[PDB]
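In order, the protein sequence lines correspond to chains E and F.
To convert, take the position in the first sequence, counting from 1, and add 2; that gives the deposited numbering.
To convert, take the position in the second sequence, counting from 1, and add 1; that gives the deposited numbering.
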Amino acid sequence: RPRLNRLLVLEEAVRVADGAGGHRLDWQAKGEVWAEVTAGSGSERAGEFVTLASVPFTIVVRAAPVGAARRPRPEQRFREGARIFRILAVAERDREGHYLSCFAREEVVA
Amino acid sequence: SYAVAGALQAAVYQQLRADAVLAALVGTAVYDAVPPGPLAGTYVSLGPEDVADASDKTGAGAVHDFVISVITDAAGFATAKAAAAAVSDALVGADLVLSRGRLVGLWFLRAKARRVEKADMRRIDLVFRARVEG
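Laid out in structure tokens, this is it:
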């Protein structure tokens with residue numbers, strides 16, 4: 003079972019729509035959650051015109067029912083200081099449902 | 002490249018970051034070499050040229066169809082279209098000064114504008130033609 007040792011700020015961006023059918027993201031902070039972060043094999047990735055530096059980073063938080071603020075959704079992101087962990091999906095580790103699997107990237111531009 | 006293109010990129014980089022708009026939309030994030038850090042996310046990028054050699058008996062010139070891409074991580078990409086509106090009016094009708102040789106005109110060409118990686122980044126290319134003279 004996980005050792006939730008690291009503190010991560012959950013961040014949901016409120017989506018103000020613009021004129022052309024898109025939205026605007028500002029990323030205000032939601033509450034702070036404790037989670038363990040487990041790195042996978044990391045390597046460079048050909049970005050757009052950047053040489054990014056990605057790592058898999060499976061993140062384990064505690065769970066919640068789906069209509070609650072303590073559930074990280076995949077449109078959210080984590081942040082430890084200035085390290086932006088994205089969220090790819092959440093996936094319910096245990097059989098009983100105590101913990102979740104977040105999946106990050108944390109791609110600094112290298 | 003031909004002899005001019007070393008100074009053509011140095012002139013179309015210096016025409017950017019002195020344009021008043023896009024100093025308020027993109028900011029300082031106009032670069033060929035992306036500096037290390039957290040990757041701001043609304044940058045432009047000025048590298049992928051290609052030359053076509055419009056020359057003559059007396060001397061030589063060139064036609065540079067250089068590409069200036071605008072990248073954004075925003076939800077929509079009316080942000081990038083507003084940023085490349087600030088790119089293009091800064092360059093068409095340039096009246097630039099080069100370091101080696103002259104350019105006679107800086108026109109506009111194709112500008113593809115699609116979704117690049119994982120439907121998340123939004124990159125809009127801008128091909129500009131620069132007929133120069135060595």
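Note that CB positions come from ideal geometry on N, CA and C, so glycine has one too.
Using 9 angstroms as the threshold, is the C-beta distance between residue i and residue j below it?
i                      : j                     : result
residue 108 of chain E : residue 85 of chain E : yes
residue 75 of chain F  : residue 25 of chain E : yes
residue 87 of chain F  : residue 27 of chain F : yes
residue 112 of chain E : residue 46 of chain E : yes
residue 9 of chain F   : residue 99 of chain F : yes
Express the C-alpha separation of residue j and residue i in angstroms, rounding to a whole number.
i                      : j                      : result
residue 73 of chain F  : residue 59 of chain E  : 24 angstroms
residue 2 of chain F   : residue 96 of chain E  : 59 angstroms
residue 51 of chain F  : residue 7 of chain E   : 52 angstroms
residue 65 of chain F  : residue 71 of chain F  : 19 angstroms
residue 16 of chain F  : residue 131 of chain F : 14 angstroms
residue 78 of chain F  : residue 24 of chain F  : 18 angstroms
residue 33 of chain E  : residue 11 of chain E  : 6 angstroms
residue 43 of chain E  : residue 47 of chain F  : 32 angstroms
residue 93 of chain F  : residue 109 of chain F : 7 angstroms
residue 106 of chain E : residue 14 of chain E  : 15 angstroms
residue 68 of chain F  : residue 89 of chain F  : 12 angstroms
residue 18 of chain F  : residue 18 of chain E  : 28 angstroms
In chain E, which residues lie less than 8 angstroms from residue i when you measure between Cβ atoms?
i                      : result
residue 118 of chain F : 49 and 50
residue 72 of chain F  : 50 and 51
Residue i versus chain F: which residues are under 7 angstroms apart at the beta carbon?
i                     : result
residue 25 of chain E : 76 and 77
Quick one: which chain F residues come within Cβ less than 8 angstroms of residue i?
i                      : result
residue 91 of chain E  : Simply none; closest approach about 13 angstroms.
residue 95 of chain E  : Within chain F, no residue comes near residue 95 of chain E; the closest Cβ sits about 25 angstroms away, beyond 8 angstroms.
residue 110 of chain E : 37, 38, 39 and 40
I want to see whether chain C comes within less than 9 angstroms of residue i, judged by CB atoms only; does it?
i                     : result
residue 54 of chain E : Among the chains of the structure shown, chain C does not appear; the protein chains present are E and F.
Where are the beta strand (DSSP E) runs, 3 residues long or more, that stay fully inside the segment 20-70 of chain E, in chain order? Within the segment 20-70 of chain E, the complete beta strand (DSSP E) runs of at least 3 residues are 25-27, 30-40, 45-48, 53-56 and 60-64.
Output the residue ranges of the alpha helix (DSSP H) runs that lie fully inside the segment 63-112 of chain F and measure 4 residues or longer, sorted by chain position. 79-89, all fully within the segment 63-112 of chain F.
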